[PDB]
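**Student:** For reference, the file my_file.cif (mmCIF, C-alpha atoms) is included below:
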```
data_run
loop_
_atom_site.group_PDB
_atom_site.id
_atom_site.type_symbol
_atom_site.label_atom_id
_atom_site.label_comp_id
_atom_site.auth_asym_id
_atom_site.auth_seq_id
_atom_site.Cartn_x
_atom_site.Cartn_y
_atom_site.Cartn_z
ATOM 1 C CA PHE M 29 25.257 -41.775 6.409
ATOM 2 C CA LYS M 30 28.028 -40.368 4.169
ATOM 3 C CA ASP M 31 31.048 -38.494 5.528
ATOM 4 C CA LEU M 32 33.100 -37.463 2.524
ATOM 5 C CA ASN M 33 34.367 -33.930 3.090
ATOM 6 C CA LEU M 34 31.431 -32.429 1.209
ATOM 7 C CA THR M 35 31.180 -28.895 -0.186
ATOM 8 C CA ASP M 36 28.827 -25.978 0.355
ATOM 9 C CA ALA M 37 27.426 -26.497 -3.110
ATOM 10 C CA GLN M 38 26.732 -30.182 -2.659
ATOM 11 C CA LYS M 39 25.582 -29.932 0.971
ATOM 12 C CA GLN M 40 22.763 -27.825 -0.394
ATOM 13 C CA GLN M 41 22.127 -29.713 -3.641
ATOM 14 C CA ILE M 42 21.663 -32.960 -1.763
ATOM 15 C CA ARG M 43 19.257 -31.045 0.446
ATOM 16 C CA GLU M 44 17.147 -29.953 -2.496
ATOM 17 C CA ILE M 45 17.155 -33.595 -3.555
ATOM 18 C CA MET M 46 16.138 -34.673 -0.064
ATOM 19 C CA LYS M 47 13.165 -32.335 -0.308
ATOM 20 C CA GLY M 48 11.892 -33.926 -3.518
ATOM 21 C CA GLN M 49 12.363 -37.174 -1.638
ATOM 22 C CA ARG M 50 9.902 -36.298 1.101
ATOM 23 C CA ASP M 51 7.334 -35.789 -1.682
ATOM 24 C CA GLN M 52 7.732 -38.933 -3.829
ATOM 25 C CA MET M 53 7.563 -40.849 -0.570
ATOM 26 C CA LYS M 54 4.030 -41.733 0.457
ATOM 27 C CA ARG M 55 4.349 -42.766 4.108
ATOM 28 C CA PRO M 56 1.569 -44.824 5.762
ATOM 29 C CA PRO M 57 -1.895 -43.504 6.803
ATOM 30 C CA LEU M 58 -2.876 -43.737 10.465
ATOM 31 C CA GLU M 59 -5.468 -46.299 9.353
ATOM 32 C CA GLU M 60 -2.801 -48.846 8.495
ATOM 33 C CA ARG M 61 -0.923 -48.167 11.727
ATOM 34 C CA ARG M 62 -4.080 -48.745 13.690
ATOM 35 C CA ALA M 63 -4.762 -51.905 11.728
ATOM 36 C CA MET M 64 -1.262 -53.300 12.310
ATOM 37 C CA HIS M 65 -1.507 -52.350 15.898
ATOM 38 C CA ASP M 66 -4.923 -53.948 16.272
ATOM 39 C CA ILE M 67 -3.839 -57.229 14.714
ATOM 40 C CA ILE M 68 -0.980 -57.395 17.234
ATOM 41 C CA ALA M 69 -2.995 -56.157 20.204
ATOM 42 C CA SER M 70 -5.356 -59.040 20.288
ATOM 43 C CA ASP M 71 -6.247 -62.081 22.326
ATOM 44 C CA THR M 72 -4.989 -64.227 19.443
ATOM 45 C CA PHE M 73 -3.046 -63.841 16.185
ATOM 46 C CA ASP M 74 -5.192 -63.760 13.057
ATOM 47 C CA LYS M 75 -2.532 -64.638 10.479
ATOM 48 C CA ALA M 76 -4.802 -64.278 7.422
ATOM 49 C CA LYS M 77 -5.584 -60.767 8.661
ATOM 50 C CA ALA M 78 -1.896 -60.057 9.179
ATOM 51 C CA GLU M 79 -0.987 -61.349 5.714
ATOM 52 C CA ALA M 80 -3.839 -59.436 4.190
ATOM 53 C CA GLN M 81 -2.562 -56.296 5.856
ATOM 54 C CA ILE M 82 1.040 -56.817 4.770
ATOM 55 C CA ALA M 83 -0.082 -57.437 1.206
ATOM 56 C CA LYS M 84 -2.177 -54.253 1.113
ATOM 57 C CA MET M 85 1.009 -52.329 1.787
ATOM 58 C CA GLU M 86 3.118 -54.068 -0.841
ATOM 59 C CA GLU M 87 2.687 -51.610 -3.637
ATOM 60 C CA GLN M 88 3.529 -48.707 -1.333
ATOM 61 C CA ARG M 89 6.649 -50.124 0.313
ATOM 62 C CA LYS M 90 7.819 -50.985 -3.264
ATOM 63 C CA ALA M 91 7.338 -47.426 -4.485
ATOM 64 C CA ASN M 92 9.168 -46.059 -1.464
ATOM 65 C CA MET M 93 12.172 -48.373 -1.739
ATOM 66 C CA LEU M 94 12.412 -47.258 -5.361
ATOM 67 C CA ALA M 95 12.173 -43.557 -4.576
ATOM 68 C CA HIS M 96 14.794 -44.074 -1.910
ATOM 69 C CA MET M 97 17.029 -45.684 -4.491
ATOM 70 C CA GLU M 98 16.576 -42.983 -7.094
ATOM 71 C CA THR M 99 17.309 -40.315 -4.531
ATOM 72 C CA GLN M 100 20.414 -42.036 -3.202
ATOM 73 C CA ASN M 101 21.559 -42.315 -6.818
ATOM 74 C CA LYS M 102 20.955 -38.663 -7.577
ATOM 75 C CA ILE M 103 23.112 -37.662 -4.666
ATOM 76 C CA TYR M 104 25.729 -40.153 -5.746
ATOM 77 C CA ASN M 105 25.964 -38.419 -9.094
ATOM 78 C CA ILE M 106 26.743 -35.191 -7.331
ATOM 79 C CA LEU M 107 29.868 -36.646 -5.745
ATOM 80 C CA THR M 108 33.356 -36.383 -7.188
ATOM 81 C CA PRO M 109 35.354 -39.511 -8.145
ATOM 82 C CA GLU M 110 37.476 -39.438 -4.959
ATOM 83 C CA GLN M 111 34.269 -39.024 -3.022
ATOM 84 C CA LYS M 112 32.610 -41.862 -4.850
ATOM 85 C CA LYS M 113 35.801 -43.664 -3.937
ATOM 86 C CA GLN M 114 35.400 -42.917 -0.233
ATOM 87 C CA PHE M 115 31.680 -43.634 -0.482
ATOM 88 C CA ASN M 116 32.071 -47.126 -1.879
ATOM 89 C CA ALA M 117 35.031 -47.754 0.438
ATOM 90 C CA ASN M 118 32.958 -46.965 3.536
ATOM 91 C CA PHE M 119 30.331 -49.456 2.449
ATOM 92 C CA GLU M 120 32.750 -52.295 1.720
ATOM 93 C CA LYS M 121 34.024 -51.637 5.220
ATOM 94 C CA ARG M 122 30.521 -51.358 6.653
ATOM 95 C CA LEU M 123 30.170 -55.010 5.698
ATOM 96 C CA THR M 124 31.507 -56.312 9.000
ATOM 97 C CA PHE R 29 9.854 -48.507 22.495
ATOM 98 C CA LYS R 30 7.545 -49.627 25.327
ATOM 99 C CA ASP R 31 8.614 -49.109 28.968
ATOM 100 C CA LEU R 32 5.824 -50.369 31.081
ATOM 101 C CA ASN R 33 6.899 -51.923 34.414
ATOM 102 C CA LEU R 34 7.470 -55.625 33.745
ATOM 103 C CA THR R 35 8.568 -58.455 36.008
ATOM 104 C CA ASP R 36 11.641 -60.635 36.245
ATOM 105 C CA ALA R 37 9.414 -63.307 34.747
ATOM 106 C CA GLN R 38 8.118 -61.302 31.817
ATOM 107 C CA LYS R 39 11.493 -59.679 31.119
ATOM 108 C CA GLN R 40 12.970 -63.134 30.657
ATOM 109 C CA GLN R 41 10.053 -64.725 28.821
ATOM 110 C CA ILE R 42 10.230 -62.016 26.236
ATOM 111 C CA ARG R 43 13.942 -62.634 25.939
ATOM 112 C CA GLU R 44 13.198 -66.266 25.141
ATOM 113 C CA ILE R 45 10.504 -65.126 22.687
ATOM 114 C CA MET R 46 12.963 -62.676 21.162
ATOM 115 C CA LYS R 47 15.428 -65.512 20.722
ATOM 116 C CA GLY R 48 12.781 -67.365 18.731
ATOM 117 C CA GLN R 49 12.688 -64.218 16.620
ATOM 118 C CA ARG R 50 16.300 -64.001 15.506
ATOM 119 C CA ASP R 51 15.842 -67.480 13.993
ATOM 120 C CA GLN R 52 12.557 -67.013 12.076
ATOM 121 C CA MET R 53 13.899 -63.789 10.616
ATOM 122 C CA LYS R 54 15.930 -64.490 7.497
ATOM 123 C CA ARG R 55 18.357 -61.544 7.336
ATOM 124 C CA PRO R 56 19.432 -60.388 3.830
ATOM 125 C CA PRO R 57 22.420 -61.922 2.000
ATOM 126 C CA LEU R 58 25.528 -59.837 1.387
ATOM 127 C CA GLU R 59 24.827 -60.480 -2.288
ATOM 128 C CA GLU R 60 21.621 -58.480 -2.285
ATOM 129 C CA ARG R 61 23.265 -55.719 -0.243
ATOM 130 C CA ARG R 62 25.993 -55.558 -2.852
ATOM 131 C CA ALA R 63 23.360 -55.516 -5.606
ATOM 132 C CA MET R 64 21.356 -52.651 -4.081
ATOM 133 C CA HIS R 65 24.552 -50.754 -3.677
ATOM 134 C CA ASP R 66 25.731 -51.373 -7.245
ATOM 135 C CA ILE R 67 22.475 -50.255 -8.762
ATOM 136 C CA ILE R 68 22.676 -47.016 -6.764
ATOM 137 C CA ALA R 69 26.407 -46.414 -7.164
ATOM 138 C CA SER R 70 26.314 -46.029 -10.881
ATOM 139 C CA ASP R 71 26.781 -43.470 -13.652
ATOM 140 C CA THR R 72 23.071 -43.777 -14.345
ATOM 141 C CA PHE R 73 20.010 -45.302 -12.682
ATOM 142 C CA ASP R 74 18.699 -48.518 -14.240
ATOM 143 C CA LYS R 75 15.051 -48.653 -13.076
ATOM 144 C CA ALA R 76 14.170 -52.151 -14.378
ATOM 145 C CA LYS R 77 17.284 -53.375 -12.591
ATOM 146 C CA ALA R 78 15.991 -51.556 -9.466
ATOM 147 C CA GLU R 79 12.436 -52.896 -9.598
ATOM 148 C CA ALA R 80 13.631 -56.417 -10.340
ATOM 149 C CA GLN R 81 15.844 -56.248 -7.319
ATOM 150 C CA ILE R 82 13.116 -54.904 -5.033
ATOM 151 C CA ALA R 83 10.770 -57.543 -6.417
ATOM 152 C CA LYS R 84 13.297 -60.286 -5.691
ATOM 153 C CA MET R 85 13.178 -59.440 -2.020
ATOM 154 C CA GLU R 86 9.359 -59.317 -1.839
ATOM 155 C CA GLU R 87 9.029 -62.790 -0.390
ATOM 156 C CA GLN R 88 11.511 -62.092 2.420
ATOM 157 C CA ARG R 89 10.348 -58.651 3.555
ATOM 158 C CA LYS R 90 6.846 -60.191 3.789
ATOM 159 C CA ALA R 91 7.941 -63.241 5.804
ATOM 160 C CA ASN R 92 9.906 -60.937 8.088
ATOM 161 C CA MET R 93 7.037 -58.506 8.606
ATOM 162 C CA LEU R 94 4.842 -61.471 9.408
ATOM 163 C CA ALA R 95 7.329 -62.847 11.965
ATOM 164 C CA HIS R 96 7.863 -59.462 13.616
ATOM 165 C CA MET R 97 4.086 -59.399 13.884
ATOM 166 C CA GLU R 98 3.646 -62.802 15.492
ATOM 167 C CA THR R 99 6.398 -62.053 17.902
ATOM 168 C CA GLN R 100 5.096 -58.691 19.022
ATOM 169 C CA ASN R 101 1.798 -60.519 19.555
ATOM 170 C CA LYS R 102 3.231 -63.306 21.711
ATOM 171 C CA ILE R 103 4.898 -60.652 23.784
ATOM 172 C CA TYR R 104 1.596 -58.833 24.144
ATOM 173 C CA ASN R 105 -0.181 -61.999 25.333
ATOM 174 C CA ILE R 106 2.312 -62.203 28.171
ATOM 175 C CA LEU R 107 1.317 -58.823 29.586
ATOM 176 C CA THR R 108 -1.351 -58.207 32.190
ATOM 177 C CA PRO R 109 -4.516 -56.182 31.448
ATOM 178 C CA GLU R 110 -3.287 -52.891 32.951
ATOM 179 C CA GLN R 111 -0.090 -53.301 31.031
ATOM 180 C CA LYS R 112 -1.981 -54.252 27.929
ATOM 181 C CA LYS R 113 -3.741 -51.061 28.925
ATOM 182 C CA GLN R 114 -0.599 -48.947 29.212
ATOM 183 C CA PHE R 115 0.785 -50.558 26.096
ATOM 184 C CA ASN R 116 -2.159 -49.527 23.956
ATOM 185 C CA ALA R 117 -2.288 -46.215 25.804
ATOM 186 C CA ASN R 118 1.294 -45.353 24.871
ATOM 187 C CA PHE R 119 0.651 -46.149 21.217
ATOM 188 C CA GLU R 120 -2.360 -43.836 20.908
ATOM 189 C CA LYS R 121 -0.221 -41.093 22.361
ATOM 190 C CA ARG R 122 2.619 -42.277 20.137
ATOM 191 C CA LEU R 123 0.715 -41.090 17.073
ATOM 192 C CA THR R 124 1.390 -37.375 17.274
#
```
In structure tokens, write the structure found in this file.
**Tutor:**
Amino acid sequence: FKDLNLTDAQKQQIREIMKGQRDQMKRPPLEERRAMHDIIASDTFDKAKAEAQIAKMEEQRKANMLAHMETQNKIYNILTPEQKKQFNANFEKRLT
Amino acid sequence: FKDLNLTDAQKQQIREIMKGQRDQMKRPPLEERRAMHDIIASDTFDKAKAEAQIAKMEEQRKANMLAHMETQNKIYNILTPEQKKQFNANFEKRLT
């Protein structure tokens, strides 16, 4: 989400960045999915199992949030000042 | 995503359950939103500032994941066995 009258140069640059995003971003193994699922799809809610499962994903979610932040920053520093202006502006508005 | 063939009863019960969701789910303060933003919208990317910020939310993301999990489970235990059956069925086909 970012609608700032881009540029052919940038449109592509932020695409090359996106690519190196899909690679620093270790999404979750079917195993985990199945485990989450299984804890939910159960006669009763084993909380300890649930917490154990959410804790085993901590490190990963952390690394991903970080990668997402770097990436968003790299794109940001491809913007021009009036674009950074529009960018920030949209956000301050998107708080509503 | 789970269309299944409910019941006026179930449809409503899960609305009630959902209502008990919006109140166990501590949404994130404008402050933190602003802080994420600021770290990203910056001449340069301060990693320590980024990790500290992601760390500071640890407690909340966890509590929220947990709640989402209980809630999906209470919903589940309201279904009937052929719905529990479709439910699971969908999922296994949903990994693809």
**Student:** Decode the PyMOL selection byres ((chain R) within 10 of (chain M)) for the given file into explicit residues and return them as a PDB file with C-alpha atoms, in the frame of the given file.
**Tutor:**
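What follows is the written file out_36.pdb:
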```
ATOM      1  CA  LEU R  58      25.528 -59.837   1.387  1.00  0.00           C
ATOM      2  CA  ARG R  61      23.265 -55.719  -0.243  1.00  0.00           C
ATOM      3  CA  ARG R  62      25.993 -55.558  -2.852  1.00  0.00           C
ATOM      4  CA  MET R  64      21.356 -52.651  -4.081  1.00  0.00           C
ATOM      5  CA  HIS R  65      24.552 -50.754  -3.677  1.00  0.00           C
ATOM      6  CA  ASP R  66      25.731 -51.373  -7.245  1.00  0.00           C
ATOM      7  CA  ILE R  67      22.475 -50.255  -8.762  1.00  0.00           C
ATOM      8  CA  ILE R  68      22.676 -47.016  -6.764  1.00  0.00           C
ATOM      9  CA  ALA R  69      26.407 -46.414  -7.164  1.00  0.00           C
ATOM     10  CA  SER R  70      26.314 -46.029 -10.881  1.00  0.00           C
ATOM     11  CA  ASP R  71      26.781 -43.470 -13.652  1.00  0.00           C
ATOM     12  CA  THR R  72      23.071 -43.777 -14.345  1.00  0.00           C
ATOM     13  CA  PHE R  73      20.010 -45.302 -12.682  1.00  0.00           C
ATOM     14  CA  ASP R  74      18.699 -48.518 -14.240  1.00  0.00           C
ATOM     15  CA  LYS R  75      15.051 -48.653 -13.076  1.00  0.00           C
ATOM     16  CA  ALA R  78      15.991 -51.556  -9.466  1.00  0.00           C
ATOM     17  CA  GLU R  79      12.436 -52.896  -9.598  1.00  0.00           C
ATOM     18  CA  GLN R  81      15.844 -56.248  -7.319  1.00  0.00           C
ATOM     19  CA  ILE R  82      13.116 -54.904  -5.033  1.00  0.00           C
ATOM     20  CA  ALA R  83      10.770 -57.543  -6.417  1.00  0.00           C
ATOM     21  CA  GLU R  86       9.359 -59.317  -1.839  1.00  0.00           C
ATOM     22  CA  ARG R  89      10.348 -58.651   3.555  1.00  0.00           C
ATOM     23  CA  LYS R  90       6.846 -60.191   3.789  1.00  0.00           C
ATOM     24  CA  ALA R  91       7.941 -63.241   5.804  1.00  0.00           C
ATOM     25  CA  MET R  93       7.037 -58.506   8.606  1.00  0.00           C
ATOM     26  CA  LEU R  94       4.842 -61.471   9.408  1.00  0.00           C
ATOM     27  CA  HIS R  96       7.863 -59.462  13.616  1.00  0.00           C
ATOM     28  CA  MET R  97       4.086 -59.399  13.884  1.00  0.00           C
ATOM     29  CA  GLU R  98       3.646 -62.802  15.492  1.00  0.00           C
ATOM     30  CA  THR R  99       6.398 -62.053  17.902  1.00  0.00           C
ATOM     31  CA  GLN R 100       5.096 -58.691  19.022  1.00  0.00           C
ATOM     32  CA  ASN R 101       1.798 -60.519  19.555  1.00  0.00           C
ATOM     33  CA  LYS R 102       3.231 -63.306  21.711  1.00  0.00           C
ATOM     34  CA  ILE R 103       4.898 -60.652  23.784  1.00  0.00           C
ATOM     35  CA  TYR R 104       1.596 -58.833  24.144  1.00  0.00           C
ATOM     36  CA  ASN R 105      -0.181 -61.999  25.333  1.00  0.00           C
ATOM     37  CA  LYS R 112      -1.981 -54.252  27.929  1.00  0.00           C
ATOM     38  CA  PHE R 115       0.785 -50.558  26.096  1.00  0.00           C
ATOM     39  CA  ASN R 116      -2.159 -49.527  23.956  1.00  0.00           C
ATOM     40  CA  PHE R 119       0.651 -46.149  21.217  1.00  0.00           C
ATOM     41  CA  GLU R 120      -2.360 -43.836  20.908  1.00  0.00           C
ATOM     42  CA  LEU R 123       0.715 -41.090  17.073  1.00  0.00           C
TER      43      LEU R 123
END
```
**Student:** List as an MDAnalysis selection string the protein and nucleic acid residues near residue 50 in chain M, meaning an atom at most 12 Å away when all atoms listed in the file are counted, but skip any in the same chain fewer than 3 places from it.
**Tutor:** chainID M and resid 43:47 53:55 92 95:96 99
**Student:** Any idea what the distance is between CA of residue 39 in chain R and CA of residue 113 in chain R?
**Tutor:**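 Computing it gives 17.6 Å between the two atoms.
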**Student:** Could you check how far CA of residue 30 in chain R sits from CA of residue 48 in chain R, in Å to one decimal?
**Tutor:** 19.6 Å
**Student:** Out of R:88, R:108, R:33, R:118, which residue has the shortest atom-to-atom distance to residue 56 in chain R when counting only C-alpha atoms?
**Tutor:** R:88
**Student:** One number please: CA of residue 63 in chain R to CA of residue 80 in chain R, in Å, one decimal.
**Tutor:**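 Here the two named atoms are 10.9 Å from each other.
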